[PDB]
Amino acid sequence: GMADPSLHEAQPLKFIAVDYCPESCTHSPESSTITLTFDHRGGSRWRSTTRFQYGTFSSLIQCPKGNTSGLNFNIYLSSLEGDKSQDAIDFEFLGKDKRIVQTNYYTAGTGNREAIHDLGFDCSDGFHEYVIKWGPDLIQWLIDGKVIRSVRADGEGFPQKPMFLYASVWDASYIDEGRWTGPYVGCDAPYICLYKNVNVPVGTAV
């Protein structure tokens, strides 16, 4: 009993696109780091250049410092951002409180499956690991190696369309009178959200 016998499959996300405002996204593939910045310019959004059909997705993430009230930073899967009938699976940080994270998923445009989780840490205090495990009848969310939520196919729809990996930072303060992410204060810009060692499924790109 010397070798670790534990079964251990993922590949680094090498190729990404930026959907708007590329000046507020940086990619350093040589250090496996992507950053997103929120400031006057209005944020940005990156994504994988390919869709995937199921698999495990992960990133180290360090959220922005300072007063992030109003902001939404995230990492998520979506069949197509902006599609009214999208399938999706979310990690969304709510800027009013950097010690929580919200999970959610969408089936043919329908969400309303929010859950709020206590992180046990400040998400801007160093890099932490966020994982989405997406299967045909089981979705799991992991944080620093621990499952924080599991949902199984319950007959009320399930994400099954091929999906892009996405990440953005945006001002969500207009949602629910600012009660969701807080009012936007925005006096600590640039708000820099960092993604490191983003990994995608080995063999499910479609």
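Residue positions are given as counts along the sequence shown, with the first one as 1.
*Asks:* Scan the PDB entry between residue 8 and residue 9 and report the missing deposited residues as one of none, 1 to 3, 4 to 9, 10 or more.
*Replies:* Count of unmodelled residues in between: 1 to 3.
*Asks:* With reference to the PDB entry, specify whether the mean Cα temperature factor is higher for 26 to 34 or for 152 to 160.
*Replies:* Per the PDB record, 152 to 160.
*Asks:* Identify the stretch, either 63 to 71 or 138 to 146, whose C-alpha atoms have the larger mean B-factor according to the entry.
*Replies:* Mean C-alpha B-factor is greater for 138 to 146.
*Asks:* Would you mind checking which of 81, 92, 122, 87 has the top Cα temperature factor in the PDB entry?
*Replies:* That would be 122.
*Asks:* Quick check for you: using the entry's CA B-factors within this chain, is residue 183 in the lowest, middle or highest third?
*Replies:* Within its chain, residue 183 is a middle-third residue by C-alpha B-factor, going by the deposited values.
*Asks:* Is residue 77 in the lowest, middle or highest third of its chain when residues are ranked by C-alpha B-factor?
*Replies:* Its C-alpha B-factor belongs to the lowest third of this chain's values.
*Asks:* Select lowest, middle or highest to describe the third in which the CA B-factor of residue 198 falls within its chain in this entry.
*Replies:* Middle third by C-alpha B-factor.
*Asks:* Tell me, lowest, middle or highest third: where does the Cα B factor of residue 48 rank within its chain?
*Replies:* Its C-alpha B-factor, which the entry lists for residue 48, ranks in the lowest third among residues of this chain.
*Asks:* Going by what the PDB entry lists, where does residue 166 fall on CA B-factor within its chain: lowest, middle or highest third?
*Replies:* According to the entry, residue 166 has a C-alpha B-factor in the chain's lowest third.
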